[PDB]
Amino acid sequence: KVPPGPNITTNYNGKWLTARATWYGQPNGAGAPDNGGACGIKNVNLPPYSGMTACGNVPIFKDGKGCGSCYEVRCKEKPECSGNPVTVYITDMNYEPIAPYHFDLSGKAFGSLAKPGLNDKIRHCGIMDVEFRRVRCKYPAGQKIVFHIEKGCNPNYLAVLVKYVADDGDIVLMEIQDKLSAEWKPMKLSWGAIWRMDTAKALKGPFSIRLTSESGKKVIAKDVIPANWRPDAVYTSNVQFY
């Protein structure tokens, strides 16, 4: 049995750590056959993620609190290795105790670690020792944080997904407050980047949401939730982590 890392914090100490990488799914896909993952963010194949997805064990993944993080991995062991790093997003998980730190890259990502034209070649080594370090996350400019409403059930129990969180990348607490009776009530971490609000009878009127990065940093989106909100509906805010 192989014991996990630790466990990576928001301590951005720009230096490389060892880890074993492998890939899963299609060779030119974004990992999950459905292009989604343990985090609950979907379309990880399309931009911005654009298939540069990956999986990590407890240390990296952190039971869903690492969802959003960005890491930089590079290969310099076996040939055909670009030598240069690729910026990966953590949108899924894999807890197999095969090594202290483990990354399970997409075919796209795993390939990107290779010198131009050697992709598919390098993808057939399956497992190799890579090097990495977490990094703040950068998205296209102007790209703010987006909240997606999930498929409901019992009369309004909500559940919001949060994507495109720059810098820390990952969330560790969400909370609300409707029009009147402010005080920011927490939220349940249903799973991954999905947060749940059991009660919803009282909570009425454009809601404000406060996110707290792994670091403690916080932000506030006033509306982003009218009232005529319907599951699947998507809201974009004017707030982000710098």
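Note that residue numbering begins at 1 and tracks the sequence as displayed.
Per the PDB record, of the two stretches 201-209 and 187-195, 201-209 carries the greater mean B-factor over its C-alpha atoms. Higher mean CA temperature factor between 121-129 and 163-171: 121-129, per the PDB entry. The entry assigns its greatest Cα B factor, within the set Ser69, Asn45, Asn57, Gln177, to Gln177. Taking only the listed residues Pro116, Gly83, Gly142, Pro100, the entry reports the highest CA temperature factor at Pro116.
The PDB entry assigns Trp229 a C-alpha temperature factor belonging to the highest third of its chain's modelled residues.
Among the modelled residues of its chain, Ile149 has a C-alpha B-factor that falls in the highest third, as given in the PDB entry. In the PDB entry, a CA B factor belonging to the lowest third of its chain's modelled residues is recorded for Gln240.
When the modelled residues of the chain are ordered by C-alpha B-factor, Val219 sits in the highest third. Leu158: CA B factor lies in the highest third for its chain, per the PDB record.
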